Structures are given as C-alpha cells and as structure tokens.
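>>> Partial complex here, more coming in a sec:
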Amino acid sequence: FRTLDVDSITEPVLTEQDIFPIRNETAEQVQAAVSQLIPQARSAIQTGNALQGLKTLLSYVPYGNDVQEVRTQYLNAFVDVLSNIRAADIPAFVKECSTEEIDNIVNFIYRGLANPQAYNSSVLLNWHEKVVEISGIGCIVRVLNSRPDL
Amino acid sequence: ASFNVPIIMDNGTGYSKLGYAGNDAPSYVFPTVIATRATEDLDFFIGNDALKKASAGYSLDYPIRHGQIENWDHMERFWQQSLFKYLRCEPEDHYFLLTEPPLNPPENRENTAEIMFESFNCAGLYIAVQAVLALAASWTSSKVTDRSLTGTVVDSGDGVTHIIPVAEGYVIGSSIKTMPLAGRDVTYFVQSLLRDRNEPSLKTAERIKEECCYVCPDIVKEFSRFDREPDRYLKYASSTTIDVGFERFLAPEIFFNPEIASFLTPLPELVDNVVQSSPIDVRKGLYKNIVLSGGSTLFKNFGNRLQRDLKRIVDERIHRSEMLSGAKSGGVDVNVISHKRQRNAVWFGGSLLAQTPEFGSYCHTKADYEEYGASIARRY
C-alpha cells in the first residue's frame, strides 16, 4: 500500500452552506454603490455628524466571494468613521439599532482587529465591550456562526 | 570538531562509566548515585563522593531505575557535574557517543538529545545501543576481517537483563527478550538470607558476592561438597567475620533456577525461544557466537553451565525430530566466549567504533537540531 490522500471520491460540501446573494453584479463585482456611499461617509466625517454617515454606510454590505480590495477600503473607511466618534453616544446609537446591523458591526470590528498594525484596535475593543454589555453574547455567537469569508 | 578524541559515556542503574576514546581501559567508573540536601541549595555531590556523604545531612537517590530514566533534572545535574568537575573537557570541541537500552523510548531519546544539544551546546552526538558495542568488543584484533557479526548477546545489567539476537550488524526488534532479574535482586536476596540467621547490610552482601559467588552444574546432586568439606564455609570480614554458608553456591543459580525471588523462565529456554522466533537461516550462527556482558554475568562457570544446558536441550529436540524422521542430522555446534570483556565491553566497543572516521559523519550536528528541532532521532 501507499499514502496518497485519496479525496476525489466523496467530495465535501462548501458552497452549499452559507447561502450567497452575491448574484447581483452591483457593488460586489463592479464596486459602484461602495464608491457612491464612501464619499458620503467622508463628507459626514468632514462636517462632524459621523453617526449618520456610519448609519448610511451600514445599509449595504459586501460579501467575500473573491474580492478583497473593495472590502479592505470599506473596512478602512469604517475604522476611520469609528475613530472620528467621541467616547459617548455609542450606547444610544447601539440601543437605537437593529440586530443584523450589530452583527455586521461586530464582524467588521473583528476583521479590523485581525490587523492591529494598520489600525488602532483600542476604540474597536471599547465598541465591542459596549455592544456586549448592551446586547449580550448573542451577537458574538451570531458573528462566529456567520460566513467564513466577508 | 571531528578531529579531537570523542568522549565515551555510559549511564547505568548500577554504575556510570565515562572516559575517552583510543584507550585500552575505561575511565571515571562509579556507581551512578547523587546526593544533595542568598539561598541556592546547590551543594551536591555524586559517585564515591555522594556515597561517602549523607553523614552531614545529604539526601540520596538513584536517578535511573529499572533501566529507564526517571528524573531528567537530576540526570542533567549528574551529567553537568561529571562533565565539568571529573573531566575538564569542552562539550563543543568534542563529539559524544551515548548508549541507551534497546527499550529506551523516543521521548527520553529526544529529551536527552535536546538537553545535550541545547544546554551543553554540543557539536556532534551519536546515540547507540549496548548490544552492538558489546558484540564488537568480543573479537580481539578487529582488523583481520575474519571476525563474525551474527551473534546472540545477553546483557545482565545491575537492574535488569535482556537478550538480543543480532545478525550482521542488523539489530532485531521482535526477538528481543527482557527479564527483571540478574541485578540488585540477587543482592537483596542474599541480604534477606543473611539477615535471617546472622543479624550482622548490603555492602558486605555485594562484596562477598563479587568475591566468592560461583555456580555449579547441579545443586541437589551438588550440596555434597558442602556436606563433606567444611572448607567451603569461608570467613569474610568487613566489623567482624561472617559465615558465608551457601549464598556463594545458591545466589547465581537464580538464573537457571528462577522463581526463587520476586514466575519467570530459565535462561536456556528463554534464549532457545529467542533463537526460534528469529528467522531460520540465522540460527546456525546465533547458536555459534553467544557473547555475554554485564558484571553480574562474569561468574565463575557461567559459560559452561549455559552451554551444557542449551546443548542438551537442542540435542533432545533434534533427537526427537530425528527419531521421528529416521535419518541422521548434523548436530549444531553451540559455543560461548568471554575474553576479559564481559565486565565493560560496552565502553570498549564504543571506543573501538568511535576510532573510525565515519563516526564524525554518522553523528548529529547542532544545525540539524536548530533547523529540524528535537525530532531528529525516533527509533533504531
């Protein structure tokens, strides 16, 4: 006998789970809505009212099929508009928020924490702790159970 | 750096023996014992020093027992002491030839390799077994090339004994056969025997053993020299004299007469089963070159007794087969030899081997462990 890692038979199942609405060809394969909404958040930061900019930016969310430049720019603008916020009003913002929004927020917070040299991660840890103390472990267990790519 | 002389070390349950190569006799032999208790508590000793100690409050303990390491901390302390006090050598500019039992596990092997390569910053290291070296120490010249390799070695360590049917420098991993006797058990038995009749503990026991313990082709047909001539009742003194009685006449028979102490099978039957389990085309040679080793094996008439027993057993078996068939076969020839080597054949063979230049290549390099890690050596 020998060892060859026979795997062609009984193929696994990867795409079956994690249903993909990626079949849009808009803002994920062409990067149009992202480029339309990012300048809005930038202007919101410039004027000062960054909460509305964050809310508008959180409306649409990309997916992690194959592209990473667009999602990295999204995460960069995210970290920027987050650092542009003060140390207050975060409780009110999270209380006047939905569940999927908080899940996406925590997912992006973690994706940002995955690269500390390029960001701060302190305000990120603070936001995560506040979200946990407000909502609870539900958001963490939901994001941990989300798609493996985002 | 493969140019200087390599150091040969051999740890053991009874005696650790270390020295250099290219020598006719070993060096730094001593019973492998350690003794210890702003604040350091580092004052310790080993060997004859530790033995003479314990009078001022120094504890004592045996690092290795039953043929297997038990305390790597004390083992490293012992190695450091023996390497930086007894031998004023440098572990970097010299290669090391270590010996381990055939049953040593890979965990202990790699632990030793790491603690030697890292802590002592060694350069060349080679771990081997005692069987092949003890066998190589059998022949005298080692250059005529008429020597033999197929042999059946039996090493009786002071804590445990075992048997290996080596064939052409190829050790066997299945026919190996161990036994927990032929060690300090004989000393404990002789002590329990002495403590029963004559209260005057173990030092004198081992002394009288090494002095007078011998074997006899029989015991019950024997005992007659004792019943007849009281001269056998020697008088040994340390501090007064003691009556030997029959310890010198009974102790070594524990091998040919097992199940006398804390069951087992006699040595002739064991070696016969070993040779039978081994392939068939090597038994004619295995029965031929049966070399011995270990101090506990260098008895007076050990070789003759074992040879007679194995010869009669094999002859009975072959005669059964013959009378069943009806032809006449050629009686296999069994032989035994021990030429001033069964005492410390391991170190002699190790040095004779290290004398070759291939030793420097067969060793392990520091860079190897640095890049691959502690997973270099796995098993023989």
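Sure, I can see it. Numbers count the residues shown, from 1 in each chain, chains lettered A, B, ... in the order given.
>>> can you tell me which residues contact residue B:273?
Contact analysis of residue B:273 by Cβ atoms under 8 Å, 6 or more residues apart in numbering or on different chains lists B:177, B:265. Backbone N, C-alpha and C define where each C-beta goes, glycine included.
>>> Report the contact partners of the nearest residue to residue B:277 once chain neighbours are set aside.
Nearest residue to residue B:277 in three dimensions, chain neighbours excluded: residue B:175, at 4.8 Å (Cβ to Cβ, 6 or more residues apart in numbering or on different chains). Residue B:175 makes contact with B:164-165, B:274-275, B:277-278, according to Cβ under 8 Å, 6+ apart.
>>> got a winner among those for most neighbours?
When these are compared by neighbour count (other Cβ atoms under 10 Å in any protein chain shown), residue B:165 ends up highest, at 28 neighbours.
>>> hang on, the earlier thing: so which of the contacts of residue B:175 sit within strands?
Of these, the ones assigned to strands by DSSP state E are residue B:164.
>>> if we can go back for a sec, would you mind pointing out the helix or strand the residue nearest to residue B:277 falls in?
Secondary structure assignment for residue B:175, by DSSP states H and E: no helix or strand.
>>> for residue B:324, same thing?
Residue-wise, residue B:324 maps onto helix B:302-325 under DSSP H and E.
>>> From the rest of the structure, what touches that helix?
Contacts of helix B:302-325 (Cβ under 8 Å, 6+ apart): B:215, B:217, B:252, B:256, B:266-269, B:271-272, B:287, B:290, B:292, B:328-329, B:331-332, B:334-338.
>>> can you rerun that using 6 Å?
B:215, B:268, B:272, B:329, B:334, B:336, B:338 (Cβ atoms under 6 Å, 6 or more residues apart in numbering or on different chains).
>>> related to what we said a few turns ago, take the contacts of residue B:175 and lay them out in a markdown table including distance to residue B:27.
Converted to a markdown table, the contacts of residue B:175 look like this (distance: Cβ to Cβ, whole Å):
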| residue | distance to residue B:27 |
| --- | --- |
| B:164 | 26 |
| B:165 | 31 |
| B:274 | 34 |
| B:275 | 36 |
| B:277 | 38 |
| B:278 | 36 |
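>>> any idea how far the helix holding residue B:324 is from the chain center?
For helix B:302-325, the separation from the chain centroid amounts to 27 Å (computed by Cα atoms, centre = their mean, to the nearest Å).
>>> now what about the helix or strand that comes right after it, what contacts it?
Counting by DSSP H and E, the next helix or strand C-terminal to helix B:302-325 is strand B:336-337. The contact list for strand B:336-337 (Cβ under 6 Å, 6+ apart) reads B:290, B:303, B:307.
>>> What about these, which one has the most neighbours?
Ranked by the number of neighbours (other Cβ under 10 Å), the contacts of strand B:336-337 place residue B:290 first, at 23 neighbours.
>>> add chain C to the structure above, sequence below:
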Amino acid sequence: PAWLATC
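One more chain to add, chain C, which I have set with the ones above:
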C-alpha cells in the same frame, strides 16, 4: 512454533 519446523 507448533508446525514441527517454522512458526
């Protein structure tokens, strides 16, 4: 062992 030869 019990084959009158090998094993």
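>>> once more on the contacts of residue B:175, this time with chain C?
B:165, B:274, B:277-278.
>>> between those, which is nearest chain C?
Among the contacts of residue B:175, residue B:277 lies closest to chain C (Cβ to the nearest Cβ), at 7.9 Å.
>>> burial of residue A:95, as a residue count?
Residue A:95, neighbours per other Cβ under 10 Å, totals 9.
>>> For residue 135, what are phi and psi?
Since you didn't name a chain, this refers to chain A. Dihedral pair for residue A:135: phi -80, psi -60, per degrees, to the nearest 10.
>>> Now for it: which residues touch it?
Taking Cβ under 6 Å, 6+ apart as the test, what residue A:135 contacts is residue A:102.
>>> Where do the strands of chain A begin and end?
Under DSSP E, chain A gives no strands.
>>> Show me the helices in it, by range?
A:33-47, A:50-57, A:69-83, A:90-95, A:99-113, A:122-134, A:137-144 (DSSP state H).
>>> cool, and the stretch 1-150 of chain B?
Secondary structure of the stretch 1-150 of chain B by DSSP state H, counting those that start in this stretch: the helices cover B:47-52, B:72-81, B:106-114, B:130-136.
>>> Only the buried residues of the third one, if you could.
This means helix B:106-114. B:108-114 (16 or more other Cβ atoms under 10 Å in any protein chain shown).
>>> Can you tell me which of the contacts of residue B:175 is closest to residue B:355?
residue B:165 (26.3 Å; Cβ to Cβ).
>>> So the closest one sits against residue B:286, correct?
Yes - contact criterion Cβ atoms under 6 Å: residue B:165 and residue B:286 qualify, at 5.2 Å.
>>> What's the separation between residue B:350 and residue B:113?
17 Å (Cβ to Cβ, to the nearest Å).
>>> and what of residue B:36?
Taking Cβ to Cβ, one finds residue B:36 at 26 Å from residue B:113.
>>> distance between the ends of stretch B:29-43?
Using Cα to Cα, to the nearest Å, one end of stretch B:29-43 lies 22 Å from the other.
>>> go on, stretch B:107-124?
Using Cα to Cα, the two ends of stretch B:107-124 sit 20 Å apart.
>>> Apart from its neighbours in sequence, what residue is nearest the most centrally placed residue in chain A?
Centroid-nearest residue in chain A, with Cα atoms, centre = their mean: residue A:108, separated by 3.0 Å. Excluding the flanking residues, the one nearest residue A:108 by Cβ to Cβ, 6+ apart is residue A:78, at 5.4 Å.
>>> neighbours around residue A:113, how many?
Counted with other Cβ under 10 Å, residue A:113 comes out at 13.
>>> what about the nearest residue to it once chain neighbours are set aside, distance to residue B:249?
Spatially, and ignoring its direct neighbours in sequence, residue A:113 is nearest to residue A:121 (5.3 Å; Cβ to Cβ, 6+ apart). Going from residue A:121 to residue B:249 by Cβ to Cβ gives 83 Å.
>>> go ahead and place chain D:
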Amino acid sequence: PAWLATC
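Chain D now in position relative to the chains above:
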C-alpha cells in the same frame, strides 16, 4: 499480474 491487465 505483471501484464498491465490479466495474469
């Protein structure tokens, strides 16, 4: 066996 098919 060593005929790439039968035997």
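>>> Chain D added, so what about the contacts of helix B:302-325 now?
So helix B:302-325 is contacted by B:215, B:268, B:272, B:329, B:334, B:336, B:338 (Cβ under 6 Å, 6+ apart).
>>> returning to what we had before: quick one: the residue nearest to the centre of chain A from residue A:120, how far?
Relative to residue A:120, and taking Cβ to Cβ, residue A:108 is found at 14 Å.
>>> Whichever of the contacts of helix B:302-325 end up buried, select them in ChimeraX.
This is the ChimeraX syntax for the buried subset of these, where burial follows 16+ other Cβ under 10 Å:
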select /B:215,268,272,334,336,338
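>>> Between all of the contacts of helix B:302-325, which two are separated the most?
Taking Cβ to Cβ as the measure, the contacts of helix B:302-325 have their most distant pair in B:215 and B:329, spaced 30.7 Å apart.
>>> Between the contacts of helix B:302-325, which sits nearest residue B:42?
Taking these together and measuring to residue B:42 by Cβ to Cβ, the closest member is residue B:338, at 43.3 Å.
>>> In space, what's closest to that closest one - neighbours in sequence excluded?
With sequence-adjacent residues excluded and distances taken as Cβ to Cβ, 6+ apart, residue B:338 is closest to residue B:292, at 5.0 Å.
>>> residues near whichever residue of chain A sits closest to chain C, how many?
Residue nearest to chain C within chain A: residue A:1 (24.2 Å; Cβ to the nearest Cβ). Neighbours of residue A:1 under the rule other Cβ under 10 Å: 3.
>>> try residue B:187
Counted with other Cβ under 10 Å, residue B:187 comes out at 17.
>>> One more: residue A:2?
So residue A:2, with other Cβ under 10 Å, has 3 neighbours.
>>> Likewise for residue A:5?
For residue A:5, using other Cβ under 10 Å, the count is 5.
>>> Pretty sure the residue nearest to residue B:338 sits against residue B:341.
No - the pair residue B:292 / residue B:341 is not scored as a contact, 8.7 Å apart, by Cβ under 6 Å.
>>> circling back: ok, now how distant is the residue nearest to the centre of chain A from residue B:60?
From residue A:108 to residue B:60 the distance is 65 Å (Cβ to Cβ).
>>> what do you get for residue B:31?
Distance from residue B:31 to residue B:60, by Cβ to Cβ: 11 Å.
>>> if you count what's nearby, which of the two comes out ahead?
Each of residue B:31 and residue B:60 has its neighbours counted (other Cβ under 10 Å); residue B:31 has more, 16 against 13.
>>> picking that back up, I'd like the contacts of helix B:302-325 written out as JSON lines, with distance to residue B:79 added.
As requested, the contacts of helix B:302-325 are exported to JSON lines (distance: Cβ to Cβ, whole Å):
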{"residue": "B:215", "distance to residue B:79": "37"}
{"residue": "B:268", "distance to residue B:79": "39"}
{"residue": "B:272", "distance to residue B:79": "40"}
{"residue": "B:329", "distance to residue B:79": "53"}
{"residue": "B:334", "distance to residue B:79": "41"}
{"residue": "B:336", "distance to residue B:79": "36"}
{"residue": "B:338", "distance to residue B:79": "31"}
